[PDB]
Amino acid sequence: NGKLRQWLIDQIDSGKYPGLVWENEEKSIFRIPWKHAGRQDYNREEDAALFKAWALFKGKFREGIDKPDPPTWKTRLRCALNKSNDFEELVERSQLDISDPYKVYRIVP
């Protein structure tokens, strides 16, 4: 019944999202860009796309029908990653204080 595990694996594999990449050969640890909106280096097409893609996939946001609320899209994916036991953040590897910020996640088998 779940969807997030296979969905996010597919997005990483797709190569459509520049910072979203595997960090080991085993495809069990990945990087996910995590840029604050409103900051000077924030590309709102490119840094919202994965979050928007999840809201589109799950039917929460419908292009042309619903009003975009990108911050809401981010909150959804963060909270889903937090609650899912298929994903656990490697907090000591995440880097949120630099110019290209990112989180690091491990996928539970």
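Start at 1 with the first residue shown and count on from there.
When 65 to 73 is weighed against 35 to 43, 35 to 43 comes out higher, by mean CA B-factor as recorded in the entry. Averaged over Cα atoms, the B-factor as recorded in the entry is higher for 91 to 99 than for the other of 91 to 99 and 11 to 19.
Annotation for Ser84: CA B-factor lies in the middle third of the chain's modelled residues. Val104 sits in the middle third of its chain by CA B factor, as recorded in the PDB entry.
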